[PDB]
Protein chains: 2
Amino acid sequence: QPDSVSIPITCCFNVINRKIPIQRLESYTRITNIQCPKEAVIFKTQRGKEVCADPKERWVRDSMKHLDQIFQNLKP
Amino acid sequence: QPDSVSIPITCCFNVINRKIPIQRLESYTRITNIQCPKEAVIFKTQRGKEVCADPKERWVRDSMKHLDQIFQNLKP
């Protein structure tokens, strides 16, 4: 197989259970690899911590929306 | 005087008194003109509303920080 199949893959095996204050969240990425066990987002905090969260949770979608908006408005 | 002195100036005469949820706030600008009566920030919400706030308030500085970070990290 190509050497792309032996690249390591980052997953979320667990998702945070407490909501995190949105002013803490600075960015997010999505888990996309089918090898991973669950659909999830990884938030990057101000501090640089990485947090797995369930995009089905309300706060999570709301934080994702908030960051999306700004990103599309921040170009500048 | 130059025609710059007869340009209209936007100010904040009042500042919001209730805290606004940070996921609502998408951007901010500062009042800078000395003609204005008070130091303040103008937040732009998701919805496009404009809100005057007092940068001495905790939530406000925190929202400003949050947006600053992302802006400097969002270039991309």
Side-chain angles (χ1 to χ4, degrees), chain A residues 2 4-76, chain B residues 9-33 36-76:
Chain A
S4 66
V5 178
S6 66
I7 303 173
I9 292 160
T10 299
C11 299
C12 287
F13 286 92
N14 296 103
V15 291
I16 200 132
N17 254 5
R18 67 142 178 161
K19 91 297 265 208
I20 295 148
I22 308 320
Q23 65 274 31
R24 275 344 173 141
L25 314 177
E26 177 265 333
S27 68
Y28 78 96
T29 50
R30 287 174 200 259
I31 292 308
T32 54
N33 190 293
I34 197 169
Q35 304 271 37
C36 302
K38 73 203 23 212
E39 283 203 53
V41 305
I42 298 162
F43 287 119
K44 199 135 149 63
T45 70
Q46 300 187 287
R47 318 93 67 125
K49 199 243 166 233
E50 282 177 321
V51 191
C52 286
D54 183 2
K56 329 152 201 343
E57 287 174 31
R58 185 62 57 171
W59 73 276
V60 177
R61 319 151 139 166
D62 285 343
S63 331
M64 282 163 73
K65 184 170 72 213
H66 167 58
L67 313 169
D68 288 337
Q69 288 192 194
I70 305 163
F71 153 74
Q72 274 160 129
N73 312 354
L74 195 63
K75 46 108 161 44
Chain B
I9 292 160
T10 299
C11 299
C12 287
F13 286 92
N14 296 103
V15 291
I16 200 132
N17 254 5
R18 67 142 178 161
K19 91 297 265 208
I20 295 148
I22 308 320
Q23 65 274 31
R24 275 344 173 141
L25 314 177
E26 177 265 333
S27 68
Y28 78 96
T29 50
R30 287 174 200 259
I31 292 308
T32 54
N33 190 293
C36 302
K38 73 203 23 212
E39 283 203 53
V41 305
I42 298 162
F43 287 119
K44 199 135 149 63
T45 70
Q46 300 187 287
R47 318 93 67 125
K49 199 243 166 233
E50 282 177 321
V51 191
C52 286
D54 183 2
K56 329 152 201 343
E57 287 174 31
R58 185 62 57 171
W59 73 276
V60 177
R61 319 151 139 166
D62 285 343
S63 331
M64 282 163 73
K65 184 170 72 213
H66 167 58
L67 313 169
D68 288 337
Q69 288 192 194
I70 305 163
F71 153 74
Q72 274 160 129
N73 312 354
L74 195 63
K75 46 108 161 44

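Any value given below was found using the heavy atoms of this structure, including those in side chains, with hydrogens, waters and symmetry copies removed. Just so it is clear: chains get the letters A, B, ... in the order the sequence lines come, proteins before strands, and each one is counted from 1.
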Q) Atom CG of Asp62(B) and atom CG of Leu25(B): how far apart are they, to the nearest 0.5 Å? A) 11.5 Å
(Q) With a 4.5 Å cut-off on side-chain heavy atoms, are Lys38(B) and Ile31(B) touching? (A) no
Q: Can you tell me which residue pairs pass the side-chain hydrogen bond (donor to acceptor under 3.5 Å, both in side chains) test with a partner in residues 12-25 of chain B, sequence neighbours excluded?
A: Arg24(B)-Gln46(B)
Q: Provide the closest heavy-atom pair for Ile16(A) versus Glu57(A) in the form atom of the first, atom of the second, distance.
A: O-OE2, 4.0 Å
Q. So do the side chains of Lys44(B) and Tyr28(B) get within less than 4.5 Å of each other, counting heavy atoms only?
A. no
Q.
Could you measure the distance from the CD1 atom of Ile42(B) to the CD atom of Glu50(B)? Nearest 0.5 Å is fine.
A. 6.0 Å
**Q.** salt_bridge(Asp68(A), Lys65(A)) N-O dist < 4.0 Å
**A.** no
Q | Min side-chain heavy-atom separation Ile22(B)-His66(B) under 4.5 Å | A | yes
Q.
Using side-chain heavy atoms (C-beta onward) and a distance below 4.5 Å, is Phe43(A) in contact with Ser27(A)?
A. no
(Q) I'd like to know if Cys36(B) pairs up with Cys11(B) as a disulfide, counting it only when the SG to SG distance is below 2.5 Å. (A) yes
Q) Mind checking whether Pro55(B) and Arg61(B) have side chains closer than 4.5 Å, heavy atoms only? A) no
(Q) How about CZ on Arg58(A), more than 12 heavy atoms from neighbouring residues, nucleotides or ligands closer than 6.0 Å, or not? (A) no
Q. Any side-chain donor-acceptor pair under 3.5 Å between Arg30(B) and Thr32(B)?
A. no
Q: For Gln72(B), look at atom CD and say whether over 12 heavy atoms of other residues, nucleotides or ligands are found less than 6.0 Å away.
A: yes
Q.
Could you check whether any side-chain heavy atom of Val51(A) comes within less than 4.5 Å of a side-chain heavy atom of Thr45(A), counting everything from C-beta outward?
A. yes
Q) Tell me, do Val60(A) and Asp54(A) make a side-chain contact under 4.5 Å, heavy atoms counted? A) no
Q. Are any of the side-chain heavy atoms of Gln69(A) and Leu67(A) separated by less than 4.5 Å?
A. no
